[PDB]
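Source file target19.pdb; content: PDB, N, CA, C and O atoms.
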```pdb
MODEL        1
ATOM      1  N   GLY A   1     -86.639-156.386 -33.977  1.00  0.00           N
ATOM      2  CA  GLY A   1     -86.175-156.341 -35.391  1.00  0.00           C
ATOM      3  C   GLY A   1     -85.817-157.749 -35.853  1.00  0.00           C
ATOM      4  O   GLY A   1     -85.110-158.479 -35.160  1.00  0.00           O
ATOM      5  N   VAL A   2     -86.310-158.124 -37.030  1.00  0.00           N
ATOM      6  CA  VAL A   2     -86.035-159.447 -37.576  1.00  0.00           C
ATOM      7  C   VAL A   2     -84.532-159.701 -37.637  1.00  0.00           C
ATOM      8  O   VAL A   2     -84.084-160.846 -37.590  1.00  0.00           O
ATOM      9  N   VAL A   3     -83.759-158.626 -37.744  1.00  0.00           N
ATOM     10  CA  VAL A   3     -82.307-158.746 -37.815  1.00  0.00           C
ATOM     11  C   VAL A   3     -81.730-159.110 -36.450  1.00  0.00           C
ATOM     12  O   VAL A   3     -80.998-160.091 -36.318  1.00  0.00           O
ATOM     13  N   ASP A   4     -82.064-158.316 -35.439  1.00  0.00           N
ATOM     14  CA  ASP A   4     -81.570-158.566 -34.090  1.00  0.00           C
ATOM     15  C   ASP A   4     -82.053-159.920 -33.586  1.00  0.00           C
ATOM     16  O   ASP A   4     -81.387-160.565 -32.776  1.00  0.00           O
ATOM     17  N   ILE A   5     -83.214-160.348 -34.071  1.00  0.00           N
ATOM     18  CA  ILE A   5     -83.772-161.630 -33.660  1.00  0.00           C
ATOM     19  C   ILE A   5     -82.965-162.779 -34.256  1.00  0.00           C
ATOM     20  O   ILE A   5     -82.670-163.759 -33.574  1.00  0.00           O
ATOM     21  N   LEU A   6     -82.612-162.654 -35.532  1.00  0.00           N
ATOM     22  CA  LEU A   6     -81.841-163.690 -36.203  1.00  0.00           C
ATOM     23  C   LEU A   6     -80.409-163.718 -35.678  1.00  0.00           C
ATOM     24  O   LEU A   6     -79.796-164.781 -35.580  1.00  0.00           O
ATOM     25  N   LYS A   7     -79.881-162.548 -35.333  1.00  0.00           N
ATOM     26  CA  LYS A   7     -78.524-162.467 -34.811  1.00  0.00           C
ATOM     27  C   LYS A   7     -78.412-163.309 -33.546  1.00  0.00           C
ATOM     28  O   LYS A   7     -77.319-163.541 -33.032  1.00  0.00           O
ATOM     29  N   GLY A   8     -79.559-163.769 -33.055  1.00  0.00           N
ATOM     30  CA  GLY A   8     -79.589-164.590 -31.855  1.00  0.00           C
ATOM     31  C   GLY A   8     -78.848-165.902 -32.084  1.00  0.00           C
ATOM     32  O   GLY A   8     -78.043-166.325 -31.257  1.00  0.00           O
ATOM     33  N   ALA A   9     -79.126-166.536 -33.217  1.00  0.00           N
ATOM     34  CA  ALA A   9     -78.478-167.797 -33.557  1.00  0.00           C
ATOM     35  C   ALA A   9     -77.048-167.553 -34.032  1.00  0.00           C
ATOM     36  O   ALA A   9     -76.169-168.393 -33.841  1.00  0.00           O
ATOM     37  N   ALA A  10     -76.828-166.402 -34.661  1.00  0.00           N
ATOM     38  CA  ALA A  10     -75.504-166.059 -35.172  1.00  0.00           C
ATOM     39  C   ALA A  10     -74.435-166.263 -34.102  1.00  0.00           C
ATOM     40  O   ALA A  10     -73.414-166.901 -34.349  1.00  0.00           O
ATOM     41  N   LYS A  11     -74.674-165.714 -32.915  1.00  0.00           N
ATOM     42  CA  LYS A  11     -73.718-165.844 -31.821  1.00  0.00           C
ATOM     43  C   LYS A  11     -73.476-167.313 -31.489  1.00  0.00           C
ATOM     44  O   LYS A  11     -72.391-167.689 -31.044  1.00  0.00           O
ATOM     45  N   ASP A  12     -74.495-168.139 -31.706  1.00  0.00           N
ATOM     46  CA  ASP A  12     -74.385-169.566 -31.428  1.00  0.00           C
ATOM     47  C   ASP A  12     -73.389-170.215 -32.379  1.00  0.00           C
ATOM     48  O   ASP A  12     -72.504-170.960 -31.958  1.00  0.00           O
ATOM     49  N   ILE A  13     -73.532-169.910 -33.663  1.00  0.00           N
ATOM     50  CA  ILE A  13     -72.630-170.449 -34.668  1.00  0.00           C
ATOM     51  C   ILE A  13     -71.192-170.189 -34.246  1.00  0.00           C
ATOM     52  O   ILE A  13     -70.270-170.892 -34.655  1.00  0.00           O
ATOM     53  N   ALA A  14     -71.015-169.154 -33.432  1.00  0.00           N
ATOM     54  CA  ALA A  14     -69.689-168.775 -32.953  1.00  0.00           C
ATOM     55  C   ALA A  14     -69.477-169.224 -31.508  1.00  0.00           C
ATOM     56  O   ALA A  14     -68.340-169.353 -31.052  1.00  0.00           O
ATOM     57  N   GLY A  15     -70.573-169.449 -30.789  1.00  0.00           N
ATOM     58  CA  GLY A  15     -70.489-169.867 -29.392  1.00  0.00           C
ATOM     59  C   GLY A  15     -70.705-171.368 -29.252  1.00  0.00           C
ATOM     60  O   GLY A  15     -69.810-172.094 -28.820  1.00  0.00           O
ATOM     61  N   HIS A  16     -71.895-171.828 -29.617  1.00  0.00           N
ATOM     62  CA  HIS A  16     -72.213-173.244 -29.525  1.00  0.00           C
ATOM     63  C   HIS A  16     -71.130-174.069 -30.211  1.00  0.00           C
ATOM     64  O   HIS A  16     -70.749-175.136 -29.727  1.00  0.00           O
ATOM     65  N   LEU A  17     -70.640-173.568 -31.338  1.00  0.00           N
ATOM     66  CA  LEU A  17     -69.605-174.259 -32.081  1.00  0.00           C
ATOM     67  C   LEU A  17     -68.303-174.273 -31.289  1.00  0.00           C
ATOM     68  O   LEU A  17     -67.589-175.274 -31.260  1.00  0.00           O
ATOM     69  N   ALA A  18     -68.004-173.147 -30.651  1.00  0.00           N
ATOM     70  CA  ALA A  18     -66.784-173.030 -29.859  1.00  0.00           C
ATOM     71  C   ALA A  18     -66.887-173.865 -28.586  1.00  0.00           C
ATOM     72  O   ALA A  18     -65.983-174.634 -28.261  1.00  0.00           O
ATOM     73  N   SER A  19     -67.993-173.706 -27.869  1.00  0.00           N
ATOM     74  CA  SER A  19     -68.205-174.450 -26.633  1.00  0.00           C
ATOM     75  C   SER A  19     -68.096-175.951 -26.884  1.00  0.00           C
ATOM     76  O   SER A  19     -67.598-176.698 -26.042  1.00  0.00           O
ATOM     77  N   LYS A  20     -68.571-176.385 -28.047  1.00  0.00           N
ATOM     78  CA  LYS A  20     -68.526-177.798 -28.401  1.00  0.00           C
ATOM     79  C   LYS A  20     -67.101-178.332 -28.322  1.00  0.00           C
ATOM     80  O   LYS A  20     -66.859-179.407 -27.772  1.00  0.00           O
ATOM     81  N   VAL A  21     -66.158-177.576 -28.877  1.00  0.00           N
ATOM     82  CA  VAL A  21     -64.757-177.989 -28.867  1.00  0.00           C
ATOM     83  C   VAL A  21     -64.078-177.567 -27.566  1.00  0.00           C
ATOM     84  O   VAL A  21     -62.995-178.054 -27.239  1.00  0.00           O
ATOM     85  N   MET A  22     -64.718-176.665 -26.823  1.00  0.00           N
ATOM     86  CA  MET A  22     -64.160-176.196 -25.554  1.00  0.00           C
ATOM     87  C   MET A  22     -64.960-176.752 -24.382  1.00  0.00           C
ATOM     88  O   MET A  22     -64.738-176.366 -23.235  1.00  0.00           O
TER      89      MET A  22
ENDMDL
END
```

Rewrite the structure of this file - the entire thing - as structure tokens.
Amino acid sequence: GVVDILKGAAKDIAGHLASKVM
């Protein structure tokens, strides 16, 4: 699903961003 596929980066905006400061 194009939705579940895009949600892939969504978690990053919350993870990659967090990991960056963590």

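Coordinates place atom N of residue 3 in chain A at a distance of 29.8 Å from atom O of residue 22 in chain A.
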
Can you report as lines of an AutoDock Vina configuration file the centre and edge lengths in Å, to one decimal, of an axis-aligned box around the listed atoms of range 13-21 of chain A padded with 8 Å on each side?
```
center_x = -68.3
center_y = -174.1
center_z = -30.4
size_x = 26.5
size_y = 26.6
size_z = 24.6
```

Please, what distance in Å, to one decimal, runs between CA of residue 19 in chain A and atom C of residue 2 in chain A?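 These two atoms are separated by 24.6 Å.
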
CA of residue 4 in chain A to CA of residue 18 in chain A, distance in Å rounded to a single decimal: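 The value is 21.1 Å.
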